[PDB]
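> Just the structure for this:
(one chain, ligands or ions: 1)
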Amino acid sequence: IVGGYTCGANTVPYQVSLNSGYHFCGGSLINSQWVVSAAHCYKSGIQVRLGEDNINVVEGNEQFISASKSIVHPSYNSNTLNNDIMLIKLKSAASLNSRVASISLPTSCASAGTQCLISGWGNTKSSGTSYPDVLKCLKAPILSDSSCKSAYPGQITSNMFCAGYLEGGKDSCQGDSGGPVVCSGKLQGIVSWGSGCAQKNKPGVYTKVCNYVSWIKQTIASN
Ligand SMILES: [Ca+2]
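Numbering: from 1, shown residues only. Below you will find the coordinate block:
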């Protein structure tokens with residue numbers, strides 16, 4: 001997250017770190033046994049780390065749980081990033097309380113102009129590289145359909161939206177992929193892609209979660 005602020009310990013209690021000997025992606029806890037993340041983050045041997053704030057120090061509150069299943073959406077396209085969503089089943093249920101909690105799925109799409117919270121442990125610089133120890137947050141609005149398509153001609157599907165800032169300096173970034181975009185207490189997006197990070201006229205592009213609510217519930221119920 002570039003241009004964001006330190007969230008504070010366990011103020012985003014649904015935020016997870018996906019770990020393979022290092023932090024590589026984010027995700028969102030949606031019930032005690034299941035996490036939602038981005039398909040482009042798929043790999044085998046995932047450990048899910050819940051209740052994290054400082055990802056390099058054991059502070060108390062963490063729960064580390066192995067992934068037992070990782071289900072990439074069957075229509076995921078790795079060139080376009082269409083259908084960039086995956087579901088991870090935890091090997092055992094997480095223990096939920098005030099510091100570890102699930103986030104609700106949407107019950108309608110969010111409009112243009114709605115303010116959302118985006119969070120993660122990704123790069124905090126637009127040019128070079130610097131990775132934070134603690135969780136960073138950014139408030140960003142959802143942009144209009146037309147501005148999104150003007151920004152990325154021919155690349156925006158109906159399963160994507162843009163959010164952020166067209167003037168530069170505030171965006172999600174590498175290492176934030178798969179992390180949550182929450183508006184009014186609902187998970188509306190998943191951090192997916194963008195051109196650099198925090199460049200002028202190039203906002204972040206997010207998977208539109210409300211299009212996948214029925215798929216998510218059926219996939220959970222079957223697995
Ligand atoms: Ca920690």
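
> Dihedrals phi and psi, residue 104?
The phi/psi pair for residue 104 (degrees, to the nearest 10) reads phi -70, psi 150.

> That one contacts residue 185, doesn't it?
Yes - applying CB atoms under 8 Å, one finds residue 104 in contact with residue 185, separated by 6.3 Å. For every residue, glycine as well, the C-beta is placed using N, CA and C.

> between these two, which one's more packed in?
More crowded of residue 104 and residue 185, by other CB atoms under 10 Å: residue 104, with 13 against 9.

> With adjacent residues omitted, what lies nearest to that one?
Leaving aside its sequence neighbours, residue 104 sits nearest to residue 186 (CB to CB, 6 or more residues apart in numbering; 5.6 Å).

> so who does that neighbour touch?
103, 104, 105, 106, 107, 110 (CB atoms under 8 Å, 6 or more residues apart in numbering).

> Neighbour-wise, give me the winner out of those.
residue 110 (23 neighbours).

> What strand or helix carries residue 109?
Using DSSP states H and E, residue 109 sits within no helix or strand.

> okay, the helix or strand hosting residue 28 in PDB with CA atoms only?
Using DSSP H and E, the element containing residue 28 is strand 23-31. The C-alpha trace of strand 23-31 is given here as PDB (Å, rounded to 0.1, in the frame of the first residue of the first chain):
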ATOM      1  CA  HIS A  23       4.700 -13.300   3.000                       C
ATOM      2  CA  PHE A  24       3.500 -13.400  -0.600                       C
ATOM      3  CA  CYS A  25      -0.200 -12.300  -0.700                       C
ATOM      4  CA  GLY A  26      -3.200 -11.300   1.300                       C
ATOM      5  CA  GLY A  27      -6.600 -12.700   1.800                       C
ATOM      6  CA  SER A  28      -9.900 -12.400   3.700                       C
ATOM      7  CA  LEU A  29     -11.300 -14.600   6.300                       C
ATOM      8  CA  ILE A  30     -15.000 -15.300   5.400                       C
ATOM      9  CA  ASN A  31     -15.800 -18.000   7.900                       C
END
